[PDB]
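Taking it in order: structure first as structure tokens, then the write-up.
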Amino acid sequence: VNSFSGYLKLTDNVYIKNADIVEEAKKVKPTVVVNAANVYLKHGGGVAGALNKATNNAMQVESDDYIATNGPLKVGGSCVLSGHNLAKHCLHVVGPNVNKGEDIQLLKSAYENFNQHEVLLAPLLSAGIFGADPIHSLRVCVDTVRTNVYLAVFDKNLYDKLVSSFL
Ligand SMILES: O=C(O)C[C@H](NC(=O)c1ncnc2[nH]ccc12)c1ccc(O)cc1
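All the letters of the sequence shown, read from the start, carry residue numbers 3 to 169 under the authors' numbering.
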């Protein structure tokens, strides 16, 4: 039993809710929140911009130190950093950005990072400003993640479409 509330169950291990991941993280304080990161951990907009703003830029400060030490992530890769005031940990995961020309096949690799964590609060990878089809992102999520994932979908119209078209 965990603290997530109001989610629709899609599968044994995948759940979905129309919610702002920032407000959801602040309420649940999950062990792991997933950030829709880029390889440079520059949290300028989208989910990443929103999560970083909610940390009063502490996420960005920590991220800049991480990059100065380790260099950029790989597309499809991830790193674990602090969750600051939002969660115990933040799993920064780099889904491919279609608006940069990156291979959509890397989306499965991106979701594989979730399997290293028993329970996660997460957005749909590569959706929104990363330019992929969210219906597809959801299919890959369900077919790749085996741990317990709670998806927060910001847009109500998108959420209703995701549920009504789910196979
Ligand atoms: O629809 C989606 O969920 C994908 C994408 N989502 C986010 O960027 C997002 N997801 C969850 N929590 C969040 N908090 C702040 C941003 C945010 C999106 C959003 C709006 C839109 O019109 C089209 C796609």
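Here a beta-carbon is modelled for each residue, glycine too, at the ideal position from N, C-alpha and C.
Going by DSSP, what residues sit across from residue i in a beta bridge?
i, result
"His94", "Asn37, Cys81"
"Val147", "None; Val147 has no bridge partner."
"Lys29", "Paired residues: none, contrary to the question."
"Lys19", "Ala154"
"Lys11", "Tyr17"
Candidates the options: which alpha carbon is nearest residue i's?
i, options, result
"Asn37", "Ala124, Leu108, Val151", "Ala124"
"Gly73", "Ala56, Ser84, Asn40, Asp145", "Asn40"
"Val95", "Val30, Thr13, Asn87, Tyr113", "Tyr113"
"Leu164", "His138, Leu127, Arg148", "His138"
"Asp67", "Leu169, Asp162, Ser84, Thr149", "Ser84"
"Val24", "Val82, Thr57, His45", "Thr57"
"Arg141", "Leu126, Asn150, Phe116, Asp157", "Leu126"
"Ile106", "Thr149, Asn150, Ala129, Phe116", "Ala129"
"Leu12", "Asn117, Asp157, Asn159, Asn150", "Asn150"
"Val82", "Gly46, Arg148, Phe116", "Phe116"
"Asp22", "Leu10, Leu53, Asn59, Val3", "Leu53"
From which residue to which residue does the beta strand (DSSP E) around residue i run?
i, result
"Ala124", "121-124"
"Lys110", "That residue, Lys110, is in no beta strand (DSSP E); its alpha helix (DSSP H) goes 108-114."
So residue i is in the alpha helix (DSSP H); what residue range does that whole segment cover?
i, result
"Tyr68", "60-72"
"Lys102", "First-last for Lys102: undefined, no H or E at that position."
"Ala56", "48-56"
Near residue i, what residues of its chain come up, given a Cβ to Cβ distance below 6 Å and the 5 sequence neighbours on each side ignored?
i, result
"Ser65", "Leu43"
"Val77", "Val96, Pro98, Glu104, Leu108"
"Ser111", "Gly78"
"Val147", "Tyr113, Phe116"
"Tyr161", "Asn20, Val155"
"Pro32", "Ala89, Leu123"
Ignore the nearest five residues each way along the sequence and tell me which others in residue i's own chain have a CB closer than 8 Å to its CB.
i, result
"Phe132", "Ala38, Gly48, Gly97, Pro98, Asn99, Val100, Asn101"
"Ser167", "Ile137"
"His45", "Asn37, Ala39, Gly51, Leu53, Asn54, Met61, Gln62, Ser65"
Could you give the C-beta distance for residue i and residue j, rounded to a whole number, given that I count them as a contact under 8 Å?
i, j, result
"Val155", "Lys19", "7 Å"
"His119", "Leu153", "That belief does not hold up - the Cβ atoms of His119 and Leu153 are roughly 14 Å apart, past 8 Å."
"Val63", "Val144", "With a Cβ gap of about 35 Å, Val63 and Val144 do not count as contacting."
"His86", "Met61", "6 Å"
Quick one: residues in its chain with C-beta nearer than 7 Å to the C-beta of residue i, no 5 flanking neighbours on either side, listed in chain order?
i, result
"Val30", "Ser5, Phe6, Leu123"
"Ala27", "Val35, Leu88, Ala89, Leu123"
"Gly8", "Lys19"
"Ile69", "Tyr42, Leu43"
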